[PDB]
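A short write-up of the structure that comes next.
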Amino acid sequence: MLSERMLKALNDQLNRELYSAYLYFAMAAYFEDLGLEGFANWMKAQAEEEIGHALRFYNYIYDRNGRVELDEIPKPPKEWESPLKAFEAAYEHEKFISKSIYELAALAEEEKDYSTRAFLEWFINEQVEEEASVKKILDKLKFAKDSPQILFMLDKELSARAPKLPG
Amino acid sequence: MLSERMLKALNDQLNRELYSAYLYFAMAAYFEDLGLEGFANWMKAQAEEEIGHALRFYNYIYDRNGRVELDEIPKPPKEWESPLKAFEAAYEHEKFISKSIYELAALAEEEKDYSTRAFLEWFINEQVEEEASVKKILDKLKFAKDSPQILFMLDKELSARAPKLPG
Amino acid sequence: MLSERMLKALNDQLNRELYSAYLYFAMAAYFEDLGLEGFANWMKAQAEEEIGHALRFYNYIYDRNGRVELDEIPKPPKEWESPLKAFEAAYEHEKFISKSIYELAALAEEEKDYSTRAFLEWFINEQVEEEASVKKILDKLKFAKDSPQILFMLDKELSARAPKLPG
Amino acid sequence: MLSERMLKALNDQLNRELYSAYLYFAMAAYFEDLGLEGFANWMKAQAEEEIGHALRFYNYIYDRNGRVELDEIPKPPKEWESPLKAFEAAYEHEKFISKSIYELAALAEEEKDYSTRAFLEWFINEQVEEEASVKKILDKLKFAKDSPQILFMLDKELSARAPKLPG
Amino acid sequence: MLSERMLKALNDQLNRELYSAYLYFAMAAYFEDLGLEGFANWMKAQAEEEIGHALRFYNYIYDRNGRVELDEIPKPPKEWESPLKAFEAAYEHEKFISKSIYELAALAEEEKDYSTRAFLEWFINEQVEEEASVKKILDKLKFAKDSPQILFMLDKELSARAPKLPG
Amino acid sequence: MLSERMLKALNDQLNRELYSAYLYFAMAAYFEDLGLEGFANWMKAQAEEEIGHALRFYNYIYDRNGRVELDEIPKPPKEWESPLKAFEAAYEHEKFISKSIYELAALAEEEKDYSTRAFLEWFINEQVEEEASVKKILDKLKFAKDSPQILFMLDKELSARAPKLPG
Amino acid sequence: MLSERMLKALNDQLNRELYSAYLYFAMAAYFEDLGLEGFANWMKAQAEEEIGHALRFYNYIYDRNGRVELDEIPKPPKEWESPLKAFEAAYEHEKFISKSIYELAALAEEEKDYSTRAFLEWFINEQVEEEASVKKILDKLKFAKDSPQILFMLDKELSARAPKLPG
Ligand SMILES: [Fe+3]
Ligand SMILES: [Fe+3]
Ligand SMILES: [Fe+3]
Ligand SMILES: [Fe+3]
Ligand SMILES: [Fe+3]
Ligand SMILES: [Fe+3]
Ligand SMILES: [Fe+3]
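What follows is the structure in structure tokens.
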């Protein structure tokens, strides 16, 4: 039902999703420390969305009667030069996740694993939204090159998005 | 308003909370693998609860004009010899967390950090509920020693506690 | 718009779906004779669900301007050694249906029939559920090797699932 | 409480009913092919009803402590010369089922099996409607000899009868 | 994230979608002139639906950090010999659109562009609906060979489909 | 009911309306590319509004028992030096349409075509608003010369106008 | 306010509207006699509509400080060769009335009577509707030619339009 090769790669992705959660929580802390509460809440909601991605892997592995196994989660970076650089890193990160999803799709394909392929489909479309939504902001941060005024109003727009777990 | 030492001690506890989250997620995976859906969801909800605890620390630290630093989150155990042993490990852990809170409390009292010591009061009370609820279950597992039928019934009781994030 | 090979593979899968319906109906009559009314009703619900799958194929065929042909539905087994065994049979049957679908997928790909390959995703994803769902009960019936107490409790669980049609 | 001969004559009539469901499902495919969706849905509704008849025999058999035995369901005709021919075939089929019912009634009378003979009244009455309903359509079809405009309208009329199961 | 070759194919398709819109508009004008207001409204709604498909291409292209470019929209045909012929052209046109979708799927597979390939899935499925939809009416038009009475009626049914925009 | 000249002239105006829709759509793509969602959505709404105007000629033409003919729609411009230059073009376009309505009015008068001239009143009054609304924005853009803070605020206002179609 | 010529021209048009009412009332009796109640009620409704037109001339005359004068209302035709011929007459009459309104418009323009020319705008716009609905029906009657089944169906449609007075 799941080859050893595929199970290990899905567990590997599960771990990648969790480190993604961790990495955005890291950016949340970096944004609080700049006093940008909107930016930080956005990143906290990103963090939660990634845990959701991890749970989708967890559920899928169990549906295929496999076994989840958790690995260490590396310490993430502490700091970035500017909000723009933080979003450059988030975007570098989004692309690295897309890539790792494509690799998994190739692998399900190479192994003729239809089910796992169909499951990955949801992440292919989801990664389109992720990259786009981070790009939208990275670009706004460029267009606010030297303007604390726009930065301030950006921070306000990003506060629409809120972590659900405090509830 | 925070000494290096207190900030260090606090960012330290934040990480244990996260590791705590991570450890109960690992037991979720363990119980899910035995096909104990109730126990599994109970453990996912325990993990959310611990993410909560991490967030309180994060909030306190920024409240006191501190900086959160995130650290790596070690690999948890994959496996326990039985449901009972997982709960033994659970209880041992809670006790390990309580001890960590007392040490922090005691550190606060020593530095005369009334704010931090007051912050911690919440965790002293929470831990009481934590330990009590792990132990209740632990004891029930003993009482079901050689009874799949009781374990079956325990599993069903526990399915009442569901993690909130999926929704 | 359908090739002769496609049309054949599609009617075949339509007829396999109809035979699953009958197989599960056969299991319902088995479970009924054992007094296990919960089990028998669960199986009649699974029956109706399989007729649903057959109507899915039926519709796609007409959508692609093809012609449905109905073949004879073989006589299903009558007896099984035990509930556990009946579910093992059921599991293996679902795994057999899954592979029929992979095979249709593989045919679609060879022929470069994008429409059909695309229509099957739904079936690929449904089978992941179908197999999990059967496997969950299967596993519970093993955990209840020799104890009528549990089998009895399971029956009441499964009676939640009822066939919609009799109304 | 059921004689070996009776049980068998009951399990046979159950099968006849399923074959009926299949036959009308075949006529549905035929009408669907001609693009007569109203005739097609009418015939799917009839199929369902026939499955309903089967379940009544199934329920009776288990009340009298008998055992249900499913037999192979033969291949039904694929094609008919015309919509009218189909309904003539359907009328011929209902007359055949009615005869079947009578033969069961006589048998239960002869064996002085009151329960079974009582159970069958439902079918004796039901068959009156069935025949009458088919006859109504069959005649309407004769009346519409070489007139697609009439065929069209009849199709729109019969579309009032939707099968219940797709929902 | 989009190859120059891939972007041209996407903008090309966006243009075919828009031309499809215009084509049905041209057909709406054709039916309007015959005084068949039902057909004409149906075709306006068909048109509106194609503008939708165009927007989907537009959003995807932006989502991938590409750049839409709009090309001329060729003059559609003015007239057809008959409603039936018009529907034959719509059908033929539908088939032309699917081929172009398949060619893009192929292109995207050949480039290893999973995101675009995933984005196209939606159009593959939708084309199966489009085609079937047009076919269903085309065949009724065949069945209405030399019967204005039947034309008059389909007109009335089709009028249940109203373009959303006038309101 | 319509002279050949009037009919030709109404159809040409119909196609001018369509081209405006396409030109405003071109403008939407330009703003979208700049990452100015508010302006982009404004242009798409503007585009639908022009399809509306096209529909009014279409409707009037048929009311007078004429025939619509759809002509090609030329490729619009792709780029503009800036949001300002784009609104300037838009303003210039709007004046071009106004001038066209006047020639139509003037043509309807000289031919003593009261109905058409009456029909065009709506457009004279409409065109007064159309011009006025584009100018307001064009002037807010001068006001903003070298101030992204204002373009940003401007984008956000404009974002209140949304295309109805996607819904 | 009103030249003697204007007032006479208006009173004349008032009597023309009343005559039209009467004309449609004759057609009503003609269709009634044919046993086409739908057509007849449609004509009764059209008759009332014309009385409504007469009233707008009446009110306008008294708002301009003039005096209505009722002239006789000539005997309408009793009979037409066919439903199609009646509608050809209605259409001819609608054209006749449109001509009168244009003639009145011009006269107002001649006399530089801005108030009257402006008041006639309503009737210019109204006649467009009148002619169009009279045409839309006339065409179907042609399209029906040698088919009483369509006449029957047409008659059912027109029953939807009912005169208000009998209430
Ligand atoms: Fe993710
Ligand atoms: Fe905790
Ligand atoms: Fe199935
Ligand atoms: Fe029956
Ligand atoms: Fe399309
Ligand atoms: Fe316009
Ligand atoms: Fe009038």
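Protein chains in written order, with the UniProt record's numbering: chain X, 1 to 167; chain G, 1 to 167; chain Z, 1 to 167; chain B, 1 to 167; chain W, 1 to 167; chain D, 1 to 167; chain P, 1 to 167. C-beta atoms are modelled at their ideal positions from N, C-alpha and C, and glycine is treated no differently.
Start and end of the alpha helix (DSSP H) containing residue 56/G?
Against the second sequence, residue 56/G aligns to sequence position 56. 37-63 is the span of the alpha helix (DSSP H), which, as asked, contains residue 56/G.
Is residue 50/X a contact residue of ligand 1, with contact defined as CB to any heavy atom under 7 Å?
For the purposes of this step, residue 50/X is taken as the residue at position 50 of the first sequence. True, at least one ligand heavy atom lies under 7 Å from that Cβ.
In terms of alpha-carbon separation, which member of 44/G, 118/G, 25/G lies closest to residue 101/G?
Numbered from 1 along the second sequence, position 101 holds the residue referred to as residue 101/G. With distances taken between Cα atoms, residue 101/G lies closest to 118/G.
Comparing the CB of residue 17/X with every heavy atom of ligand 1, is any distance shorter than 7 Å?
Sequence index remark: in the first sequence, residue 17/X carries index 17 (1-based). Under cutoff, so the answer is yes.
C-beta atoms of residue 103/D and residue 54/D nearer than 8 Å:
What you label residue 103/D is simply residue 103 of the sixth sequence in a count that begins at 1. What you label residue 54/D is simply residue 54 of the sixth sequence in a count that begins at 1. Not a contact, by the Cβ cut-off of 8 Å.
Within 8 Å, do at least three Cβ pairs link the stretch 138-157 of chain X to the stretch 35-48 of chain G?
no
Would residue 64/X be called buried (16 or more neighbouring beta carbons within 10 Å of its own) or exposed?
If you number the first sequence from 1, residue 64/X lands on position 64. Buried: at least 16 other Cβ atoms inside 10 Å.
What number of angstroms, rounded off, separates the C-alpha of residue 125/G from the C-alpha of residue 132/G?
As a working note, residue 125/G is residue 125 in the second sequence. As a working note, residue 132/G is residue 132 in the second sequence. Whole-angstrom Cα-Cα distance: 11 Å.
Please determine, among 71/G, 85/G, 95/G, the residue with the shortest C-alpha to C-alpha distance to residue 77/G.
Along the second sequence, read from residue 1 onward, the residue named residue 77/G stands at position 77. Of 71/G, 85/G, 95/G, the residue nearest in Cα terms is 85/G.
Could you give the distance in angstroms between the alpha-carbon of residue 164/X and the alpha-carbon of residue 25/D?
The count along the first sequence starts at 1 and reaches residue 164/X at position 164. The count along the sixth sequence starts at 1 and reaches residue 25/D at position 25. Cα to Cα, the separation comes out at about 38 Å.
Which listed residue (127/Z, 94/Z, 56/Z, 12/Z) has its alpha carbon closest to that of residue 73/Z:
For the purposes of this step, residue 73/Z is taken as the residue at position 73 of the third sequence. Per the Cα distances, 12/Z.
With 8 Å as the C-beta to C-beta threshold (strictly closer), list the residues of the stretch 117-141 of chain X near chain W in chain order.
121, 124, 125, 127, 128, 129, 131, 132, 135
Does ligand 7 have even one heavy atom less than 7 Å from the beta-carbon of residue 53/P?
Within the seventh sequence, numbered from 1, the residue matching residue 53/P stands at position 53. Yes, the Cβ of residue 53/P comes within 7 Å of a heavy atom of ligand 7.
Unbroken alpha helix (DSSP H) run spanning residue 7/X, endpoints
As a working note, residue 7/X is residue 7 in the first sequence. Segment 4-33, the alpha helix (DSSP H) holding residue 7/X.
Could you work out which residues of chain B lie near residue 150/W, taking near to mean beta carbons separated by less than 8 Å?
By 1-based counting over the fifth sequence, the position of residue 150/W is 150. By Cβ distance, chain B contributes 148, 149, 152.
State yes or no: is the C-beta of residue 69/D within less than 8 Å of the C-beta of residue 20/D?
As a first step, residue 69/D must be located in the sixth sequence, where it is residue number 69. As a first step, residue 20/D must be located in the sixth sequence, where it is residue number 20. For residue 69/D and residue 20/D, no; Cβs fall outside 8 Å.
Going by the CB atoms, is the gap between residue 79/X and residue 30/X shorter than 8 Å?
On the first sequence, position 30 is the one that residue 30/X refers to. On the first sequence, position 79 is the one that residue 79/X refers to. Yes, they are a contact pair.
With a 10 Å radius around its C-beta and 16 neighbouring C-beta atoms as the bar for buried, classify residue 82/G as buried or exposed.
Here the question's residue 82/G lines up with position 82 in the second sequence. By the 10 Å Cβ count, residue 82/G comes out exposed.
Kindly examine ligand 7 and report whether one of its heavy atoms sits closer than 7 Å to the Cβ of residue 124/P.
Along the seventh sequence, one-based indexing puts residue 124/P at 124. Every heavy atom of ligand 7 is 7 Å or more from the Cβ of residue 124/P, so no.
Any idea what DSSP makes of residue 137/D, helix, strand or coil?
To locate residue 137/D, count along the sixth sequence from 1; it is residue 137. Correct three-state label for residue 137/D: helix.
Tell me where the alpha helix (DSSP H) around residue 155/D begins and ends.
Taking the sixth sequence and counting its residues from 1, the one referred to as residue 155/D is at position 155. Residue 155/D -> alpha helix (DSSP H) spans 148-158.
Take the Cβ of residue 128/W as the centre, count every other Cβ of all protein chains shown within 10 Å, and call the residue buried at 16 or more, exposed below.
As a position in the fifth sequence, residue 128/W is number 128, starting the count at 1. With 16 or more Cβ atoms within 10 Å of its Cβ, residue 128/W is classed as buried.
Which residue wins for smallest C-alpha separation from residue 136/B, given the options 98/B, 34/B, 90/B, 109/B?
Reading the fourth sequence from its first residue, position 136 is the one you call residue 136/B. When only C-alpha atoms are compared, the closest one is 90/B.
From which residue to which residue does the alpha helix (DSSP H) around residue 83/W run?
Here residue 83/W is taken as the residue at index 83 of the fifth sequence, counted from 1. Counting along the chain, the alpha helix (DSSP H) containing residue 83/W begins and ends at 83-111.
Going along the chain, which residues of its own chain have a beta-carbon closer than 6 Å to the beta-carbon of residue 123/X, five neighbours each way excluded?
The count along the first sequence starts at 1 and reaches residue 123/X at position 123. Excluding sequence neighbours, residue 123/X sits near 101.
What span of residues does the alpha helix (DSSP H) with residue 119/B cover, start to end?
Position 119 of the fourth sequence holds residue 119/B. Counting along the chain, the alpha helix (DSSP H) containing residue 119/B begins and ends at 114-119.
I believe residue 109/X touches residue 134/X by the beta-carbon criterion, under 8 Å. Please report the beta-carbon distance rounded to the nearest angstrom.
Here residue 109/X is taken as the residue at index 109 of the first sequence, counted from 1. Here residue 134/X is taken as the residue at index 134 of the first sequence, counted from 1. Contact doesn't hold; Cβ gap of about 27 Å is too wide.
Hey, how far is the Cα of residue 166/P from the Cα of residue 1/P?
Counting from one through the seventh sequence, the residue named residue 166/P turns up at place 166. Counting from one through the seventh sequence, the residue named residue 1/P turns up at place 1. Approximately 38 Å, taken between the alpha carbons.
Inter-residue Cα distance where the pair is residue 66/G and residue 120/Z
Start at 1 with the first residue of the second sequence, and residue 66/G comes out as number 66. Start at 1 with the first residue of the third sequence, and residue 120/Z comes out as number 120. Cα to Cα, the separation comes out at about 55 Å.
For residue 144/Z, which residues in chain G fall below 9 Å Cβ to Cβ?
For the purposes of this step, residue 144/Z is identified with residue 144 of the third sequence, where counting begins at 1. Those are 148, 149, 152, listed as they occur along chain G.
What number of angstroms, rounded off, separates the C-alpha of residue 162/D from the C-alpha of residue 159/Z?
Start at 1 with the first residue of the sixth sequence, and residue 162/D comes out as number 162. Start at 1 with the first residue of the third sequence, and residue 159/Z comes out as number 159. If you take the alpha carbons of residue 162/D and residue 159/Z, they lie about 51 Å apart.
Using a threshold of 8 Å, state whether the C-beta atoms of residue 155/B and residue 38/B are closer than that.
Indexing the fourth sequence from 1 puts residue 155/B at position 155. Indexing the fourth sequence from 1 puts residue 38/B at position 38. Yes. Within cutoff.
With a threshold of 6 Å on Cβ separation, who are the neighbours of residue 98/G within its own chain once the five nearest residues in sequence on each side are excluded?
For the purposes of this step, residue 98/G is taken as the residue at position 98 of the second sequence. 127.
Cβ of residue 151/P within 8 Å of Cβ of residue 87/P?
Taking the first residue of the seventh sequence as 1, we reach residue 151/P at position 151. Taking the first residue of the seventh sequence as 1, we reach residue 87/P at position 87. Not closer than 8 Å, so no.
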